[PDB]
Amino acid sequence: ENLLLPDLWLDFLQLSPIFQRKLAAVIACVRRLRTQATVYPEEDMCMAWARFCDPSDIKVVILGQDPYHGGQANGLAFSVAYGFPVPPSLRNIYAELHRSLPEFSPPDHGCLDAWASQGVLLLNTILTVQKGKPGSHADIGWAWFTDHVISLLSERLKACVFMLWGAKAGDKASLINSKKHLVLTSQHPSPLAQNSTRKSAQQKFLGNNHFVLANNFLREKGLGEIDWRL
């Protein structure tokens, strides 16, 4: 029985037999579902977000929702596989980076591997989706697992940045230790939010200074900063 996670992640999560049975159950649930339809991403890619660095070296946690549902998902949040157009939210993420970092120039691709290897965790809360059906796998058991990853990251890391974009990602702030960690919030990078009124609950994404504020926190905490260039 494969829990799909790298040994470092298994060693980090200290999963109890109970939690191991939980993870295996969802994994199994998804295997069931695949015999019935196309499911993204591939099973050997659904946990790709965990294969880029030692979990204890995570410095920035960025939450997505579920994977892209048109074949573009690569097992990381926001990133797309080679050859696909850079999606609207990512284009907007590149804009905030370009607005705030003099040395960043938006790339022509959506591969975020260079961030991931530095300890930026690109984590969708839901790790699978049925082709053409956003939200289809929202209630199959992924949320307990990613809530658990979020909680353990908070618990085990001395200091880490969590970027929570939009009200839905914002709900996860309850899992995070705001004393130890920097919890950064704003509206989602989706083009829609751009035309929201002046007095919004959350600040605009374009202007949130999240990527600079992350490096400021890391620096003050005596940790390596992120080179955001792609």
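Residue indices: 1-based, along the sequence shown.
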item	value
Mean Cα B-factor comparison, 152-160 or 123-131, giving the higher one as deposited	152-160
58-66 versus 29-37 - greater average Cα B-factor per the deposited record	29-37
Given 141, 75, 83, 102, the residue at which the Cα B factor reaches its maximum	83
Chain-wide C-alpha B factor ranking for residue 210, given as lowest, middle or highest third	lowest
Residue 88 CA temperature factor, ranked by third within the chain	middle
Entry-reported Cα temperature factor of residue 203, expressed as the chain third it lands in	lowest
Within-chain third of residue 186 by Cα B-factor, per the entry	lowest
